[PDB]
Amino acid sequence: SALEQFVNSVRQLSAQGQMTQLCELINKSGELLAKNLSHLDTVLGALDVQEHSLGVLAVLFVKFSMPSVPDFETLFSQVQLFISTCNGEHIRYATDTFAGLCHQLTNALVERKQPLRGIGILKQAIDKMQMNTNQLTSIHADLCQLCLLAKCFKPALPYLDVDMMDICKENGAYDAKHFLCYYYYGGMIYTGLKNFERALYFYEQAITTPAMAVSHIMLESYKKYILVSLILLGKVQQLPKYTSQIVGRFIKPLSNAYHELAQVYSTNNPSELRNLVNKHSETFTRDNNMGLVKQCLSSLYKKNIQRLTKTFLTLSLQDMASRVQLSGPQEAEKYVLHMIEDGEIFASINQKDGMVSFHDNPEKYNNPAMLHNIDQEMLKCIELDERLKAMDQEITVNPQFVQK
Amino acid sequence: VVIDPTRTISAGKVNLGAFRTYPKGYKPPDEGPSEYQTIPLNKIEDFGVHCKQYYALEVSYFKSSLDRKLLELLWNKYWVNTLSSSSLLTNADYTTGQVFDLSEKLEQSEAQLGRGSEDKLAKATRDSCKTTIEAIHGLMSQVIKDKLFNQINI
Amino acid sequence: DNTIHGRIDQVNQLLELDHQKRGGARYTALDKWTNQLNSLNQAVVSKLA
Amino acid sequence: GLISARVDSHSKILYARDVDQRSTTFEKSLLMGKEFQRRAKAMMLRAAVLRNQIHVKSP
Amino acid sequence: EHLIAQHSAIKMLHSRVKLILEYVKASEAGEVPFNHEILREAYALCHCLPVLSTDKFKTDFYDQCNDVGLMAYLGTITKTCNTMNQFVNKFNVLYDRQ
Amino acid sequence: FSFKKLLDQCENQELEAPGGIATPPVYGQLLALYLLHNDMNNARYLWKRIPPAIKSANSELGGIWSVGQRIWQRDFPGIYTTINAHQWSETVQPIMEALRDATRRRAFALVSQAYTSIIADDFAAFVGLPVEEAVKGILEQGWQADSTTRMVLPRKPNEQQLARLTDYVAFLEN
């Protein structure tokens with residue numbers, strides 16, 4: 001039996017070194033035509049935990065159609081058990097079949113329309129594949145896609161709050177698709193959680209990927225970057241200097257309605273903004289970014305009210321709800337109350353005279369709290385510089401960086 | 001002999017240098033240590049041009065027996081001024097001038113980076129480090145004074 | 001004509017003369033340093049490509 | 001333009017506005033520091049992707 | 001160096017205050033003739049602490065601390081910019097094909 | 001304290017799940033805990049991903065989402081008149097009581113910080129209690145009030161220092 005020979009060879013190679021030959025043997029596939037792989041799977045999990053079986057599991061999953069009989073539940077339980085108990089850096093010797101199996105599992109879950117069983121799977125399938133917590137793997141894209149298809153945005157926050165600094169080569173593969181998918185779905189998650197300060201950063205990171213062809217991901221990432229910039233700031237932030245020249249010749253003309261919206265969001269006219277919004281309603285709902293343009297429309301009024309603080313000290317409510325076109329002293333009062341509650345503005349309301357007083361005098365910088373804030377900023381900068389020097393010395397002692 | 005009464009106060013150590021020049025037409029054979037000295041932009045050309053025509057002697061100080069006895073007797077009453085110094089207030093115009101000079105040097109370094117003596121960014125960084133270290137020393141002295149005197153609530 | 005250094009308070013019918021001087025040179029120097037640091041950081045980042 | 005003042009439309013009085021330098025410089029310096037840190041992180045990621053040779057191909 | 005100077009002066013202060021505390025404790029327990037002027041002066045000295053615990057002083061002290069903190073922040077940013085420039089130069093030399 | 005741990009436990013139980021679907025009691029507890037902590041986005045997304053079968057089977061989720069919608073609209077009278085419309089048995093009652101107390105405290109803080117002259121009826125509507133006892137109880141808190149105009153006047157309310165400096169100096173000098 002050839003399968004028995006393969007299992008025996010795996011047993012001898014395990015707990016004996018010769019990892020290059022072990023990987024070569026596990027890459028020697030195509031002879032797994034027999035469909036009785038279950039018993040050969042359940043013989044070596046106890047010995048030397050699970051540095052193996054990845055091969056058999058990927059072969060069980062690659063079928064692309066009707067994979068593992070009505071025992072798909074048993075296959076899923078086998079996969080989750082292997083991912084949980086495999087442990088060790090041993091599997092890192094073959095860290096491309098791991099990503100492939102995770103991709104197959106994610107695609108199967110998406111097709112089955114239960115994208116919540118896997119959120120816990122490609123969360124333990126990350127800490128045992130990445131070298132350190134600052135390394136981007138191709139499973140980050142899968143986890144973001146799963147926790148975005150299922151509306152569970154909290155599990156991905158620990159894996160989005162980190163600043164990626166090394167990218168796993170994954171023994172070949174790892175095209176730009178995974179990079180764009182991660183840095184776009186993270187931005188989508190942050191936008192859903194109303195963190196525009198970092199949604200903008202993620203969208204910019206997706207946009208500035210070195211490219212020479214138009215990708216569907218970068219189009220509807222430039223489009224969302226424009227809107228998130230219009231919401232967070234008052235203007236479309238200028239893209240970095242090292243952005244690829246492709247975006248300035250095709251992406252910009254392809255995304256035109258958003259550029260008209262940005263241009264109209266420069267002369268403060270809520271009526272004109274609403275007119276353009278409901279004129280291009282078909283486009284804005286076909287691109288699926290509807291409910292963000294409404295956020296831009298709602299933010300225009302708040303921007304105008306904030307601008308009212310740069311000239312005025314005390315303004316009547318009825319008079320104020322005539323420059324921002326809010327059509328009502330009660331509506332203006334509720335807008336001011338919401339803005340004060342959210343902390344966007346510094347003002348007080350007087351109902352006896354119906355007048356809003358703008359203070360705009362938050363604080364003086366003479367507090368231990370401000371001292372602590374500056375201390376934290378300095379600590380972050382010090383850590384940044386230390387990492388810069390640490391990664392500089394590696395280039396310094398590089399033999400290739402001795403001839404030149 | 002050249003003295004720096006402002007840098008003396010700022011750094012807490014005397015800035016005194018004794019120099020002697022070379023005869024006309026004499027070319028000294030290398031042997032240039034050339035320790036770094038911060039010098040403003042408006043006075044850097046003269047220092048660069050006239051730098052190999054003089055050398056710095058090694059300076060040491062001495063005192064007599066009565067002077068030593070009197071100084072060791074005087075310290076017993078002079079230790080107060082060390083604990084009541086407050087060096088962060090007496091030197092503020094100097095720090096402002098240093099920051100102005102450093103900003104100008106940073107502008108020149110950025111211009112060199114944009115364009116196409118060597119690595120002015122390193123010199124600007126050293127100047128900024130010196131100024132900031134002096135400021136932090138001045139602050140930590142006051143922190144020590146506060147810990148000593150203001151916290152011993154009866 | 002810049003012969004009297006002060007400003008008139010019309011509501012209370014008085015005039016207040018500026019006699020207090022603060023150390024604005026330090027803050028002007030800090031502003032210049034911040035602007036130069038911003039420009040230098042932008043250039044250094046844009047160098048890599 | 002050149003007028004630095006704030007209107008008071010209750011009593012209809014224009015008050016001159018004097019800006020304190022200390023708070024303004026503190027605010028601008030902190031903003032510049034935040035921008036610098038964000039740019040440094042972004043370019044660190046850019047260096048990582050450039051070293052790893054990630055780019056979009058025609059197919 | 002800075003801390004060493006401050007240390008010498010604080011050491012002198014400690015010596016003196018400890019000798020005074022000893023005299024006072026020795027006088028209280030009973031080892032030396034009871035002196036009233038010295039004890040009254042010791043009480044007056046003990047009543048002089050803390051020195052300047054007022055709100056205006058606290059505000060001025062925190063002003064100074066925050067000013068030095070901002071200067072240190074700017075210096076740290078400058079040093080990090082220099083290190084960044086060196087790293088960018090080395091990366092450009094290594095990973096570029098000319 | 002007693003609610004943060006419960007929220008974490010419910011989140012973990014939902015995440016593990018017997019196949020993605022959690023029991024309706026856990027769903028209700030999680031939704032009400034999200035409402036309590038003012039995590040409006042999390043509650044909004046939690047309601048969106050609840051299966052329609054669970055929505056139809058249990059009717060208390062409808063009332064819980066009614067409370068959530070009243071909180072989302074920032075309509076305090078709606079919150080107070082919708083909280084006191086249904087009940088359960090010890091599963092959501094303590095946390096709904098805590099939510100009511102939190103809403104009261106938040107309304108008090110908001111009125112104190114964003115008002116200098118508020119009509120007594122509006123203040124009573126904001127706080128939740130009817131007018132008489134609220135106007136009676138503001139004075140004992142120090143808030144000025146006056147009759148015949150009912151215009152309440154809210155009133156607006158280490159040895160390691162050397163270590164950090166030494167660290168900064170050691171970094172700068174290197």
# chains A, B, ... in the order shown; residues from 1 in each chain; ligands from 1

call {"tool": "closest_atom_pairs", "arguments": {"of": "chain E", "to": "chain A", "cutoff": "8 Å", "atoms": "only C-alpha atoms", "output": "Markdown table"}}
result
| residue | atom | partner | partner_atom | distance |
| --- | --- | --- | --- | --- |
| E:59 | CA | A:366 | CA | 6.2 |
| E:60 | CA | A:366 | CA | 7.9 |
| E:62 | CA | A:366 | CA | 5.0 |
| E:63 | CA | A:366 | CA | 5.0 |
| E:65 | CA | A:371 | CA | 7.5 |
| E:66 | CA | A:371 | CA | 5.8 |
| E:69 | CA | A:374 | CA | 6.7 |
| E:70 | CA | A:374 | CA | 7.1 |
| E:72 | CA | A:378 | CA | 8.0 |
| E:73 | CA | A:378 | CA | 5.7 |
| E:76 | CA | A:381 | CA | 7.0 |
| E:77 | CA | A:381 | CA | 6.9 |
| E:80 | CA | A:385 | CA | 5.2 |
| E:83 | CA | A:389 | CA | 6.7 |
| E:84 | CA | A:388 | CA | 6.6 |
| E:86 | CA | A:392 | CA | 8.0 |
| E:87 | CA | A:392 | CA | 5.3 |
| E:90 | CA | A:395 | CA | 7.0 |
| E:91 | CA | A:395 | CA | 7.2 |
| E:93 | CA | A:404 | CA | 7.3 |
| E:94 | CA | A:401 | CA | 5.8 |

call {"tool": "interface_residues", "arguments": {"of": "chain D", "to": "chain A", "cutoff": "7 Å", "atoms": "only C-alpha atoms", "output": "PyMOL selection string"}}
result
chain D and resi 6-10+23+44-45+48+54-58

call {"tool": "residues_around", "arguments": {"residues": "residue D:36", "least_positions_apart": "4", "cutoff": "12 Å", "atoms": "only C-alpha atoms", "output": "ChimeraX atom specification"}}
result
/A:377,380-381,384 /C:34-35,37-45 /D:29-32,40-43 /E:73-74,76-78,80-81,84

call {"tool": "write_last_selection", "arguments": {"atoms": "C-alpha atoms", "output": "short mmCIF file (atom, residue, chain, number, x, y, z; two decimals), in the first residue's frame"}}
result
data_model
loop_
_atom_site.label_atom_id
_atom_site.label_comp_id
_atom_site.auth_asym_id
_atom_site.auth_seq_id
_atom_site.Cartn_x
_atom_site.Cartn_y
_atom_site.Cartn_z
CA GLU A 377 3.73 60.95 22.69
CA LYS A 380 5.73 56.43 21.09
CA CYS A 381 8.30 58.48 19.17
CA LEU A 384 9.50 54.39 16.59
CA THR C 34 7.80 73.07 14.31
CA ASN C 35 7.33 74.31 10.74
CA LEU C 37 10.46 69.92 11.35
CA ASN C 38 7.23 69.39 9.41
CA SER C 39 8.83 70.29 6.08
CA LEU C 40 11.95 68.21 6.78
CA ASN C 41 9.90 65.17 7.79
CA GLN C 42 7.81 65.43 4.63
CA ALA C 43 10.93 65.63 2.45
CA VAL C 44 12.65 62.72 4.22
CA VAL C 45 9.55 60.52 3.87
CA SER D 29 3.28 71.23 17.75
CA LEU D 30 1.13 68.33 18.95
CA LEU D 31 -0.67 68.20 15.59
CA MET D 32 2.67 68.17 13.75
CA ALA D 40 6.58 57.43 9.62
CA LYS D 41 4.37 54.38 10.16
CA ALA D 42 3.01 54.62 6.62
CA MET D 43 6.46 54.81 5.06
CA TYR E 73 9.20 66.30 22.28
CA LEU E 74 10.53 68.46 19.45
CA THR E 76 12.97 63.65 19.97
CA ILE E 77 11.16 64.31 16.69
CA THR E 78 14.31 65.84 15.18
CA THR E 80 13.92 60.43 14.83
CA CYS E 81 13.91 62.36 11.54
CA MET E 84 14.83 57.96 9.40
#

call {"tool": "atom_distance", "arguments": {"atom1": "atom CA of residue A:289", "atom2": "atom CA of residue A:256"}}
result
14.2 Å

call {"tool": "residues_around", "arguments": {"residues": "residue B:128", "least_positions_apart": "2", "cutoff": "12 Å", "atoms": "only C-alpha atoms", "output": "ChimeraX atom specification"}}
result
/B:38,95,98-106,121-126,130-135 /C:33,37 /E:71-82 /F:172-173

call {"tool": "residues_around", "arguments": {"residues": "residue C:17", "least_positions_apart": "2", "cutoff": "7 Å", "atoms": "only C-alpha atoms", "output": "PyMOL selection string"}}
result
chain C and resi 5-7+15+19

call {"tool": "closest_residue", "arguments": {"among": "B:93, B:19, B:12, B:107", "to": "residue E:5", "atoms": "only C-alpha atoms"}}
result
B:12

call {"tool": "closest_residue", "arguments": {"among": "F:140, F:122, F:97, F:159", "to": "chain A", "atoms": "only C-alpha atoms"}}
result
F:122

call {"tool": "residues_around", "arguments": {"residues": "residue F:126", "least_positions_apart": "4", "cutoff": "9 Å", "atoms": "only C-alpha atoms", "output": "PyMOL selection string"}}
result
chain F and resi 75-77+104+107-108+111+121-122

call {"tool": "write_last_selection", "arguments": {"atoms": "N, CA and C atoms", "output": "PDB file, in the first residue's frame"}}
result
ATOM      1  N   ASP F  75     -33.724  60.582  22.307  1.00  0.00           N
ATOM      2  CA  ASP F  75     -35.034  61.047  22.750  1.00  0.00           C
ATOM      3  C   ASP F  75     -35.226  60.511  24.167  1.00  0.00           C
ATOM      4  N   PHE F  76     -34.898  61.337  25.161  1.00  0.00           N
ATOM      5  CA  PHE F  76     -34.972  60.894  26.554  1.00  0.00           C
ATOM      6  C   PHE F  76     -36.385  60.525  26.993  1.00  0.00           C
ATOM      7  N   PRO F  77     -37.428  61.325  26.728  1.00  0.00           N
ATOM      8  CA  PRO F  77     -38.782  60.865  27.080  1.00  0.00           C
ATOM      9  C   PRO F  77     -39.148  59.546  26.426  1.00  0.00           C
ATOM     10  N   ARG F 104     -30.348  58.509  33.531  1.00  0.00           N
ATOM     11  CA  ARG F 104     -30.608  59.627  34.434  1.00  0.00           C
ATOM     12  C   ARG F 104     -29.336  60.424  34.704  1.00  0.00           C
ATOM     13  N   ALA F 107     -28.277  62.367  31.584  1.00  0.00           N
ATOM     14  CA  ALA F 107     -29.124  63.537  31.376  1.00  0.00           C
ATOM     15  C   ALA F 107     -28.758  64.655  32.339  1.00  0.00           C
ATOM     16  N   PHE F 108     -28.509  64.313  33.605  1.00  0.00           N
ATOM     17  CA  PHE F 108     -28.100  65.325  34.575  1.00  0.00           C
ATOM     18  C   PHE F 108     -26.803  65.999  34.148  1.00  0.00           C
ATOM     19  N   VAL F 111     -27.380  68.261  30.987  1.00  0.00           N
ATOM     20  CA  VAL F 111     -28.071  69.501  31.325  1.00  0.00           C
ATOM     21  C   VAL F 111     -27.135  70.439  32.071  1.00  0.00           C
ATOM     22  N   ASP F 121     -40.139  72.576  32.716  1.00  0.00           N
ATOM     23  CA  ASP F 121     -40.774  71.453  32.031  1.00  0.00           C
ATOM     24  C   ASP F 121     -39.772  70.695  31.167  1.00  0.00           C
ATOM     25  N   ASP F 122     -38.922  71.420  30.436  1.00  0.00           N
ATOM     26  CA  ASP F 122     -37.918  70.764  29.605  1.00  0.00           C
ATOM     27  C   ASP F 122     -36.906  70.005  30.454  1.00  0.00           C
TER      28      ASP F 122
END

call {"tool": "select_by_dssp", "arguments": {"residues": "chain D", "states": "helix (DSSP H, G or I)", "output": "VMD selection string"}}
result
chain D and resid 21 to 52

call {"tool": "closest_atom_pairs", "arguments": {"of": "chain B", "to": "chain E", "cutoff": "8 Å", "atoms": "only C-alpha atoms", "output": "CSV"}}
result
residue,atom,partner,partner_atom,distance
B:79,CA,E:9,CA,5.7
B:80,CA,E:9,CA,7.6
B:82,CA,E:9,CA,6.5
B:83,CA,E:9,CA,6.6
B:121,CA,E:82,CA,6.5
B:122,CA,E:82,CA,6.8
B:125,CA,E:79,CA,5.8
B:128,CA,E:75,CA,5.8
B:129,CA,E:75,CA,6.3
B:132,CA,E:72,CA,5.8
B:135,CA,E:68,CA,6.4
B:136,CA,E:68,CA,6.5
B:137,CA,E:2,CA,7.2
B:139,CA,E:68,CA,6.8
B:141,CA,E:6,CA,7.6
B:149,CA,E:50,CA,6.3
B:150,CA,E:50,CA,4.7
B:151,CA,E:50,CA,6.3
B:152,CA,E:50,CA,5.9
B:153,CA,E:50,CA,5.0
B:154,CA,E:49,CA,5.9

call {"tool": "select_by_dssp", "arguments": {"residues": "stretch 2-174 of chain F", "states": "strand (DSSP E or B)", "output": "ChimeraX atom specification"}}
result
/F:117-119,144,151-153

call {"tool": "residues_around", "arguments": {"residues": "stretch 24-39 of chain F", "least_positions_apart": "4", "cutoff": "10 Å", "atoms": "only C-alpha atoms", "output": "number ranges by chain"}}
result
A: 193; F: 3-4, 6-11, 13-14, 43-47, 50, 54-55, 57-58, 60-62, 64-65, 67-69, 71-72, 91-93, 95-103

call {"tool": "atom_distance", "arguments": {"atom1": "atom CA of residue C:26", "atom2": "atom CA of residue B:47"}}
result
27.8 Å

call {"tool": "closest_residue", "arguments": {"among": "B:112, B:96, B:37, B:8", "to": "chain C", "atoms": "only C-alpha atoms"}}
result
B:96

call {"tool": "interface_residues", "arguments": {"of": "chain D", "to": "chain E", "cutoff": "8 Å", "atoms": "only C-alpha atoms", "output": "JSON, numbers by chain"}}
result
{"D": [26, 29, 33, 51]}

call {"tool": "write_last_selection", "arguments": {"atoms": "N, CA, C and O atoms", "output": "JSON list (two decimals), in the first residue's frame"}}
result
[["chain", "number", "residue", "atom", "x", "y", "z"],
["D", 26, "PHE", "N", 1.40, 75.10, 21.37],
["D", 26, "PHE", "CA", 1.25, 73.74, 21.88],
["D", 26, "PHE", "C", 0.37, 72.91, 20.96],
["D", 26, "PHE", "O", 0.70, 71.77, 20.61],
["D", 29, "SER", "N", 2.19, 72.19, 17.58],
["D", 29, "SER", "CA", 3.28, 71.23, 17.75],
["D", 29, "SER", "C", 2.75, 69.82, 17.95],
["D", 29, "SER", "O", 3.28, 68.86, 17.38],
["D", 33, "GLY", "N", 3.37, 66.61, 15.50],
["D", 33, "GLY", "CA", 3.88, 65.34, 15.97],
["D", 33, "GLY", "C", 3.01, 64.17, 15.57],
["D", 33, "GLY", "O", 3.51, 63.12, 15.16],
["D", 51, "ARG", "N", 10.34, 46.16, -0.24],
["D", 51, "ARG", "CA", 11.32, 45.10, -0.06],
["D", 51, "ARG", "C", 10.74, 43.75, -0.48],
["D", 51, "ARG", "O", 11.43, 42.95, -1.12]]

call {"tool": "closest_residue", "arguments": {"among": "F:114, F:170, F:139, F:79", "to": "chain B", "atoms": "only C-alpha atoms"}}
result
F:170

call {"tool": "closest_residue", "arguments": {"among": "F:152, F:131, F:22, F:110", "to": "chain A", "atoms": "only C-alpha atoms"}}
result
F:110

call {"tool": "interface_residues", "arguments": {"of": "chain A", "to": "chain F", "cutoff": "10 Å", "atoms": "only C-alpha atoms", "output": "JSON, numbers by chain"}}
result
{"A": [73, 114, 115, 116, 117, 118, 119, 120, 121, 149, 150, 151, 152, 153, 154, 155, 192, 193, 194, 334, 336, 337, 338, 339, 340, 341, 346, 347, 348, 349, 350, 351, 352, 353, 354, 356, 357, 375, 378, 379, 382, 385, 386]}

call {"tool": "write_last_selection", "arguments": {"atoms": "N, CA and C atoms", "output": "tab-separated table (two decimals), in the first residue's frame"}}
result
chain	number	residue	atom	x	y	z
A	73	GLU	N	-19.59	18.47	8.07
A	73	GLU	CA	-19.45	18.87	9.47
A	73	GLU	C	-18.25	18.19	10.12
A	114	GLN	N	-22.49	31.04	6.33
A	114	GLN	CA	-22.37	31.03	7.79
A	114	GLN	C	-21.01	31.60	8.17
A	115	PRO	N	-20.77	32.89	7.93
A	115	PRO	CA	-19.44	33.44	8.17
A	115	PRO	C	-19.21	33.86	9.61
A	116	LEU	N	-19.63	33.03	10.55
A	116	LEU	CA	-19.36	33.26	11.96
A	116	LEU	C	-18.69	32.08	12.65
A	117	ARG	N	-18.77	30.88	12.08
A	117	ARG	CA	-18.04	29.75	12.65
A	117	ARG	C	-16.54	29.92	12.49
A	118	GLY	N	-16.10	30.51	11.38
A	118	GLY	CA	-14.69	30.65	11.09
A	118	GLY	C	-14.00	31.83	11.73
A	119	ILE	N	-14.74	32.77	12.32
A	119	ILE	CA	-14.11	33.93	12.93
A	119	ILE	C	-13.19	33.49	14.06
A	120	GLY	N	-13.59	32.46	14.81
A	120	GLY	CA	-12.72	31.91	15.83
A	120	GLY	C	-11.63	31.01	15.29
A	121	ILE	N	-11.74	30.58	14.03
A	121	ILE	CA	-10.74	29.68	13.46
A	121	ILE	C	-9.56	30.46	12.90
A	149	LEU	N	-18.45	40.17	6.43
A	149	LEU	CA	-19.65	39.54	5.90
A	149	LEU	C	-20.64	39.22	7.01
A	150	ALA	N	-20.15	38.70	8.13
A	150	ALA	CA	-20.92	38.64	9.36
A	150	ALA	C	-20.65	39.92	10.14
A	151	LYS	N	-21.70	40.56	10.64
A	151	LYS	CA	-21.57	41.87	11.28
A	151	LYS	C	-21.08	41.70	12.72
A	152	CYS	N	-19.83	41.26	12.83
A	152	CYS	CA	-19.14	41.10	14.11
A	152	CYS	C	-17.79	41.81	13.97
A	153	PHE	N	-17.78	43.11	14.22
A	153	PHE	CA	-16.61	43.94	13.95
A	153	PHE	C	-15.61	43.95	15.09
A	154	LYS	N	-15.97	43.44	16.26
A	154	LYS	CA	-15.10	43.50	17.43
A	154	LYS	C	-13.96	42.48	17.42
A	155	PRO	N	-14.15	41.25	16.92
A	155	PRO	CA	-13.02	40.31	16.91
A	155	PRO	C	-11.81	40.79	16.12
A	192	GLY	N	-17.44	51.35	9.38
A	192	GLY	CA	-18.64	50.87	10.05
A	192	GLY	C	-18.66	51.19	11.53
A	193	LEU	N	-17.50	51.15	12.17
A	193	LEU	CA	-17.38	51.48	13.59
A	193	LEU	C	-17.16	52.96	13.83
A	194	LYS	N	-17.27	53.79	12.79
A	194	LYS	CA	-17.13	55.25	12.90
A	194	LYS	C	-15.78	55.65	13.48
A	334	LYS	N	-31.39	71.72	18.93
A	334	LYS	CA	-31.07	70.30	19.04
A	334	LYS	C	-29.74	69.98	18.37
A	336	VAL	N	-27.13	72.03	18.16
A	336	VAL	CA	-26.10	72.51	19.07
A	336	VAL	C	-25.97	71.58	20.27
A	337	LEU	N	-27.09	71.11	20.80
A	337	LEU	CA	-27.04	70.20	21.94
A	337	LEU	C	-26.32	68.91	21.59
A	338	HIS	N	-26.62	68.34	20.43
A	338	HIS	CA	-25.93	67.12	20.01
A	338	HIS	C	-24.44	67.37	19.82
A	339	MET	N	-24.08	68.51	19.22
A	339	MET	CA	-22.67	68.80	19.00
A	339	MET	C	-21.92	69.01	20.32
A	340	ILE	N	-22.55	69.66	21.29
A	340	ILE	CA	-21.92	69.81	22.60
A	340	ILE	C	-21.75	68.45	23.27
A	341	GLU	N	-22.79	67.61	23.20
A	341	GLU	CA	-22.71	66.29	23.83
A	341	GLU	C	-21.60	65.45	23.22
A	346	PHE	N	-17.67	73.95	21.64
A	346	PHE	CA	-17.62	74.51	22.99
A	346	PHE	C	-18.60	75.67	23.03
A	347	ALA	N	-19.81	75.41	23.52
A	347	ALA	CA	-20.85	76.43	23.52
A	347	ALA	C	-21.85	76.12	24.62
A	348	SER	N	-22.68	77.11	24.93
A	348	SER	CA	-23.74	76.98	25.91
A	348	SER	C	-25.03	77.54	25.32
A	349	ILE	N	-26.16	77.07	25.83
A	349	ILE	CA	-27.47	77.46	25.33
A	349	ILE	C	-28.22	78.19	26.43
A	350	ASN	N	-28.89	79.27	26.07
A	350	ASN	CA	-29.72	80.05	26.99
A	350	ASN	C	-31.14	80.03	26.44
A	351	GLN	N	-32.05	79.38	27.16
A	351	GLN	CA	-33.43	79.28	26.69
A	351	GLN	C	-34.24	80.52	27.03
A	352	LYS	N	-33.85	81.26	28.07
A	352	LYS	CA	-34.59	82.47	28.43
A	352	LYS	C	-34.52	83.51	27.33
A	353	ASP	N	-33.34	83.70	26.74
A	353	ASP	CA	-33.16	84.61	25.61
A	353	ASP	C	-33.08	83.88	24.28
A	354	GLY	N	-33.02	82.56	24.29
A	354	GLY	CA	-32.88	81.78	23.07
A	354	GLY	C	-31.60	82.08	22.33
A	356	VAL	N	-27.25	81.18	21.80
A	356	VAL	CA	-26.13	80.26	21.96
A	356	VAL	C	-24.86	81.08	22.08
A	357	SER	N	-24.09	80.83	23.13
A	357	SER	CA	-22.84	81.53	23.38
A	357	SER	C	-21.68	80.59	23.09
A	375	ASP	N	4.20	63.01	27.56
A	375	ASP	CA	5.08	61.89	27.89
A	375	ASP	C	4.74	60.67	27.03
A	378	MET	N	6.02	61.21	23.51
A	378	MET	CA	7.46	61.01	23.45
A	378	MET	C	7.82	59.53	23.51
A	379	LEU	N	7.10	58.75	24.33
A	379	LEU	CA	7.37	57.32	24.40
A	379	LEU	C	7.11	56.64	23.06
A	382	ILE	N	9.94	57.55	20.72
A	382	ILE	CA	11.16	56.84	21.08
A	382	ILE	C	11.11	55.40	20.58
A	385	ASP	N	11.72	55.40	16.82
A	385	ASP	CA	13.12	55.57	16.47
A	385	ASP	C	13.94	54.32	16.78
A	386	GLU	N	13.66	53.66	17.90
A	386	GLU	CA	14.38	52.44	18.24
A	386	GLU	C	14.16	51.37	17.19

call {"tool": "decode", "arguments": {"residues": "stretch 12-28 of chain C", "atoms": "C-alpha atoms", "output": "short mmCIF file (atom, residue, chain, number, x, y, z; two decimals), in the first residue's frame"}}
result
data_model
loop_
_atom_site.label_atom_id
_atom_site.label_comp_id
_atom_site.auth_asym_id
_atom_site.auth_seq_id
_atom_site.Cartn_x
_atom_site.Cartn_y
_atom_site.Cartn_z
CA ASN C 12 -17.20 101.49 29.47
CA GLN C 13 -15.70 104.75 28.12
CA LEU C 14 -12.10 104.19 29.14
CA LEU C 15 -8.75 103.36 27.60
CA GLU C 16 -6.39 100.55 28.57
CA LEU C 17 -2.66 100.85 27.92
CA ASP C 18 -0.51 97.80 27.30
CA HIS C 19 2.15 97.65 30.02
CA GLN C 20 2.61 93.87 30.39
CA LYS C 21 5.26 92.18 28.25
CA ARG C 22 5.44 88.40 27.83
CA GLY C 23 8.17 86.23 26.35
CA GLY C 24 6.75 85.71 22.88
CA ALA C 25 10.18 85.09 21.36
CA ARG C 26 10.26 81.58 22.83
CA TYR C 27 6.91 80.68 21.26
CA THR C 28 7.88 82.23 17.92
#
